[PDB]
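Asks: Just passing along the structure, written as C-alpha cells.
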Ligand SMILES: *[C@@H]1O[C@H](CO)[C@@H](O)[C@H](O)[C@H]1NC(C)=O
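Chains as they are written, first to last, in the authors' numbering: chain E, 262 to 340; chain A, 175 to 340.
Pasting the structure below:
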C-alpha cells in the first residue's frame, strides 16, 4: 500500500530503508520461533533449557535491537 | 546526471550519422546519452524481499511430519504472500508485453514456494503408511529438501545473474 503511492524513483528513499527494516524484523521474528521449535523437540533436559533461554533473550533482545536501529535511522535522516 | 528522475546518465557521445537516402546524401550529427538504472534501489525493493520469502518456505523442512498445522500454514501463507509480493511489483513495472528479467525472477520464486508447499504434500502422503520403511523414506525426503532447495536456488541464482549481468 505504501509502495504504490510513493512517486516513481529508482534510488533508495529513506522510507524504503525503513520498510525493508521492519520486513526484516518480522522475518527474524518468524525465524526465531523456528529455531526454538527445532531444539525443543529434543528430549534432553539441557536442550529444553536452551529453548527456553532463546525465548527469554528475544523477549528483550528484539526491542533493544529495533531501538538501536531506531536511533541509527532517525539520526541518519534527521538532517 | 542528478536531474534525471528514473535513470542515471553514465556517458555522452558526439558521432556522425550522415546517411544516404533515396533523395540523396545528407550530412547529419548525432549526440547520444547513455542511461542505466541504480541497481541498489531495485535490489532492496524487489529482490531482497522475495529472498526472505524463499528462505521462509525452507524452514518447513526442518519441522517434523507430525506437525500438520505448522507446515500447512507455513506453506500456504508463503505462497499467498508471494502472490501479493508479485502483485505489488507487477503493478509498477512499466507496461510491456515481453518477458522482463525481473519477471523471470518473480516466476522462479513463485515456483520454489510452489515446490516447497508441494514437498510437504509428498511427505504427508507416504508418512500415513504404517510401515517403518515408508517412514524412513518420509524422513529422508525432508532431510534432502533441507539442503536440496537452498542448493537448487543457489544454482538458479548463479544462472540468473550470469544471464542478466551483461
Ligand atoms: C563512454 O564513452 C567513451 C567515448 O566513446 C568510451 O571510450 C567508453 O568506453 C564509454 N564507457 C562505457 C560506459 O562504455
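Cβ atoms here follow ideal geometry from the backbone N, Cα and C, with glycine treated the same way.
#1: Beta carbon of residue 188 (chain A): closer than 7 Å to some heavy atom of ligand 1?
#2: Given the structure, does residue 185 (chain A) come close to ligand 1, in the sense that its CB is under 7 Å from one of the ligand's heavy atoms?
#3: State the Cα-Cα distance for the pair residue 282 (chain A) and residue 267 (chain E), rounded to the nearest angstrom.
#4: For residue 216 (chain A), return the contacting residues in chain E, with the cut-off set at a CB-CB distance below 8 Å.
#5: How would you list, in chain order, the residues of chain A whose beta-carbon sits under 8 Å from the beta-carbon of residue 291 (chain E)?
#6: Can you pull the chain E residues whose beta carbon is under 9 Å from the beta carbon of residue 316 (chain A), in chain order?
#7: Over what stretch of residues does the beta strand (DSSP E) that includes residue 270 (chain E) continue unbroken?
#8: With a threshold of 16 other CB atoms inside 10 Å of the CB of residue 316 (chain A), please say whether the residue is buried or exposed.
#9: Output yes or no for whether 8 Å exceeds the beta carbon distance between residue 227 (chain A) and residue 257 (chain A).
#10: Could you pull out every residue in the same chain whose Cβ sits closer than 6 Å to the Cβ of residue 193 (chain A), ignoring the five residues on either side in sequence?
#11: With burial defined as no fewer than 16 other Cβ atoms inside 10 Å of the residue's Cβ, what is the status of residue 245 (chain A): buried or exposed?
#12: If you draw a straight line from the C-alpha of residue 293 (chain A) to the C-alpha of residue 232 (chain A), how long is it?
#13: Residues of chain A with CB closer than 7 Å to the CB of residue 299 (chain E), please, in chain order.
#14: Which residues in chain E sit within 9 Å of residue 181 (chain A), going by Cβ to Cβ distance?
#15: Can you list, in chain order, the residues of its chain whose CB lies under 7 Å from that of residue 319 (chain E), leaving out five sequence neighbours each side?
#16: Using 8 Å as the threshold, is the C-beta distance between residue 300 (chain A) and residue 280 (chain A) below it?
#17: Hey, does residue 312 (chain E) have any beta-carbon neighbour from chain A nearer than 8 Å?
#18: Beta-carbon of residue 265 (chain E) versus every beta-carbon of chain A: anything under 8 Å?
#19: Taking its Cβ as the centre, do 16 or more other Cβ atoms sit within 10 Å of residue 219 (chain A), making it buried, or is it exposed?
#20: Out of A:229, A:209 and A:201, state which residue places its alpha-carbon closest to the alpha-carbon of residue 181 (chain A).
#21: In the DSSP assignment, the beta strand (DSSP E) including residue 228 (chain A) goes from what residue to what residue?
#22: Along chain E, which residues have their Cβ under 9 Å away from the Cβ of residue 162 (chain A)?
#23: Within a Cβ cutoff of 7 Å, which residues of the same chain sit near residue 324 (chain A), ignoring the five residues on either side of it in sequence?
#24: Express the C-alpha separation of residue 222 (chain A) and residue 276 (chain E) in angstroms, rounding to a whole number.
#25: Drop a sphere of 10 angstroms on the beta-carbon of residue 213 (chain A), count the other beta-carbons inside from all chains shown, and report buried for 16 or more, exposed for fewer.
Replies: On the basis of the supplied data:
#1: Along the second chain, one-based indexing puts residue 188 (chain A) at 14. Residue 188 (chain A): no, Cβ never under 7 Å from ligand 1.
#2: What you label residue 185 (chain A) is simply residue 11 of the second chain in a count that begins at 1. Yes, the beta carbon of residue 185 (chain A) sits closer than 7 Å to at least one heavy atom of ligand 1.
#3: By one-based count along the second chain, residue 282 (chain A) stands at place 108. By one-based count along the first chain, residue 267 (chain E) stands at place 6. Whole-angstrom Cα-Cα distance: 27 Å.
#4: Sequence index remark: in the second chain, residue 216 (chain A) carries index 42 (1-based). Ordered by position in chain E, the residues that pass the 8 Å Cβ test against residue 216 (chain A) are 271.
#5: One-based indexing of the first chain puts residue 291 (chain E) at position 30. By Cβ distance, chain A contributes 230.
#6: To locate residue 316 (chain A), count along the second chain from 1; it is residue 142. Within chain E, no residue comes near residue 316 (chain A); the closest Cβ sits about 12 Å away, beyond 9 Å.
#7: As a position in the first chain, residue 270 (chain E) is number 9, starting the count at 1. Careful: residue 270 (chain E) lies outside any beta strand (DSSP E) and carries neither H nor E.
#8: Here the question's residue 316 (chain A) lines up with position 142 in the second chain. The residue is buried, with at least 16 neighbouring Cβ atoms inside 10 Å.
#9: Translated into the one-based positions of the second chain, residue 227 (chain A) becomes position 53. Translated into the one-based positions of the second chain, residue 257 (chain A) becomes position 83. No, the pair does not count as a contact, with Cβ atoms beyond the cut-off.
#10: Counted from its first residue, the second chain places residue 193 (chain A) at position 19. None.
#11: What you label residue 245 (chain A) is simply residue 71 of the second chain in a count that begins at 1. Its Cβ being crowded by 16 or more others within 10 Å, residue 245 (chain A) is buried.
#12: Working through the second chain from its first residue, we reach residue 293 (chain A) at position 119. Working through the second chain from its first residue, we reach residue 232 (chain A) at position 58. For residue 293 (chain A) and residue 232 (chain A), the distance between alpha carbons rounds to 10 Å.
#13: Within the first chain, residue 299 (chain E) is the residue found at index 38, counting from 1. By Cβ distance, chain A contributes 236.
#14: On the second chain, position 7 is the one that residue 181 (chain A) refers to. Correct list: 271.
#15: In the first chain, counting from the first residue as 1, residue 319 (chain E) sits at position 58. Taken in chain order, the residues that qualify are 293.
#16: Locating residue 300 (chain A) in the second chain gives position 126, where the first residue counts as 1. Locating residue 280 (chain A) in the second chain gives position 106, where the first residue counts as 1. No, these two residues do not count as a Cβ contact at 8 Å.
#17: The residue you call residue 312 (chain E) lines up with position 51 of the first chain. Not an interface residue.
#18: Here residue 265 (chain E) corresponds to residue number 4 of the first chain, with the count starting at 1. It does: the Cβ of residue 265 (chain E) has a partner Cβ on chain A nearer than 8 Å.
#19: For this step, residue 219 (chain A) is matched to residue 45 along the second chain. The residue is buried, with at least 16 neighbouring Cβ atoms inside 10 Å.
#20: Position 7 of the second chain, counted from the first residue, corresponds to residue 181 (chain A). Nearest of A:229, A:209 and A:201 to residue 181 (chain A), Cα basis: A:209.
#21: Residue mapping note: residue 228 (chain A) aligns to position 54 of the second chain, counting from 1. Looking at the DSSP string, residue 228 (chain A) is not in any beta strand (DSSP E); the run it does join, the alpha helix (DSSP H), is 222-232.
#22: No answer is possible for residue 162 (chain A): it lies beyond the span of chain A, which begins at 175 and ends at 340.
#23: Here residue 324 (chain A) is taken as the residue at index 150 of the second chain, counted from 1. Correct list, in chain order: 232.
#24: Taking the first residue of the first chain as position 1, residue 276 (chain E) is located at position 15. Taking the first residue of the second chain as position 1, residue 222 (chain A) is located at position 48. When rounded, the distance between both Cα atoms is 16 Å.
#25: Position 39 of the second chain, counting from 1, holds the residue named residue 213 (chain A). When all chains shown are included, residue 213 (chain A) counts as exposed.
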